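A.B. asks: Can you read through this structure? Questions will come right after.
Every number here is computed from the coordinates shown, using simple stated rules; none is lab data. Neighbour counts are summed over all protein chains in view; Cβ atoms, including those assigned to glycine, are modelled from backbone coordinates with ideal geometry.
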Amino acid sequence: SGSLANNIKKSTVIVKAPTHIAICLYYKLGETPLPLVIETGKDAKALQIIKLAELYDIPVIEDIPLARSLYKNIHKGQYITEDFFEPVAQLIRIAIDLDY
């Protein structure tokens, strides 16, 4: 137990359709060659992801179309594909902790 929470804790950014879908993205320079969907959830699991995001202070961005499209196309453990490269970059840019 705890893999979900540990995944959310290390996440880069979460994109959500409020109360419905949460997509947890992870990108680490030199580890992941592309942004990775490390966790997803619909309905009850989406709400839990969102509570965990709040607990761990993970940036959460509301974007209903993008969250729905990611949910459909990019499964847990899969890297994002070409259509998502730039939309996801924009999430990452707004979410990165500069650490100062």
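A.B. asks: Note down all Cβ pairs under 6 Å where the first residue falls in segment 84-100 and is without any contact (Cβ under 8 Å) to a residue 40 or more places away in the chain, the second is assigned to a helix (DSSP H, G or I) and surrounded by 16 or more Cβ atoms within 10 Å (Cβ to Cβ), and they're at least six residues apart or on different chains.
C.D. replies: 87/66
A.B. asks: Hey, another quick one. I'm checking my understanding of the structure. Among residues of segment 81-100 that are assigned to a loop (DSSP other than H, G, I, E, B) and within 14 Å of residue 11 (Cβ to Cβ), which one is farthest from the chain's Cα centre (by Cα)? Spell out how you get there, then give the answer.
C.D. replies: Taking segment 81-100 as the starting set, the residues that turn out to be assigned to a loop (DSSP other than H, G, I, E, B) are 81, 96-100.
Retained after the next criterion (residues that are within 14 Å of residue 11 (Cβ to Cβ)): 96-97.
On the way: 96: 12, 97: 15 Å.
The extreme case among them is 97.
A.B. asks: Pairs, please: C-beta under 8 Å, at least 6 apart or cross-chain, first residue under 10 Å from residue 52 (Cβ atoms) and in segment 4-31, second of a type in the set (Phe, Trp, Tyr) and assigned to a strand (DSSP E or B)?
C.D. replies: 7/26; 11/26
A.B. asks: Would you please name the residue that is nearest to the chain's Cα centre (by Cα), looking only at residues in segment 1-57 that are aromatic (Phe, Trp, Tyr) and buried (at least 16 other Cβ atoms within 10 Å of the Cβ)?
C.D. replies: To start, the set of residues in segment 1-57 that are aromatic (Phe, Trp, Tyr) comprises 26-27, 56.
So of that shortlist, the ones also buried (at least 16 other Cβ atoms within 10 Å of the Cβ) come out as 26-27.
Values: 26: 6, 27: 9 Å.
By that ranking, first place goes to 26.
A.B. asks: Cβ-Cβ below 7 Å, separation at least six or inter-chain, first residue in segment 39-59 and touching a residue at least 24 places away in the same chain (Cβ under 8 Å) and in a helix (DSSP H, G or I), second among the basic types (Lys, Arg) and surrounded by fewer than 15 Cβ atoms within 10 Å (Cβ to Cβ): which pairs?
C.D. replies: Every condition considered, the pairs that remain are 56/9.
A.B. asks: In this structure, does residue 88 turn out to be surrounded by 10 or more Cβ atoms within 10 Å (Cβ to Cβ) and in contact with a helix residue (DSSP H, G or I) (Cβ under 7 Å, 6 or more places away or on another chain)?
C.D. replies: Values: surrounded by 10 or more Cβ atoms within 10 Å (Cβ to Cβ): yes; in contact with a helix residue (DSSP H, G or I) (Cβ under 7 Å, 6 or more places away or on another chain): no.
Judged against the criteria, residue 88 is not a match.
A.B. asks: Taking residue 71, is it surrounded by 10 or more Cβ atoms within 10 Å (Cβ to Cβ), hydroxyl-bearing (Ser, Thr, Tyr), farther than 16 Å from residue 18 by Cα and under 12 Å from the mean Cα position of the chain (by Cα)? Working first, answer last.
C.D. replies: Numbers: surrounded by 10 or more Cβ atoms within 10 Å (Cβ to Cβ): yes; hydroxyl-bearing (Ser, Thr, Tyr): yes; farther than 16 Å from residue 18 by Cα: no; under 12 Å from the mean Cα position of the chain (by Cα): yes.
No: the conditions fail for residue 71.
A.B. asks: A follow-up question, please. Could you list, in sequence order, the residues of segment 60-80 that are part of a helix (DSSP H, G or I) and either closer than 18 Å to residue 6 by Cα or touching a helix residue (DSSP H, G or I) at 6+ places or on another chain (Cβ under 6 Å) (or both)? Write out each step before concluding.
C.D. replies: Residues of segment 60-80 that are part of a helix (DSSP H, G or I), as a first pass: 64-73.
66, the sole residue that qualifies.
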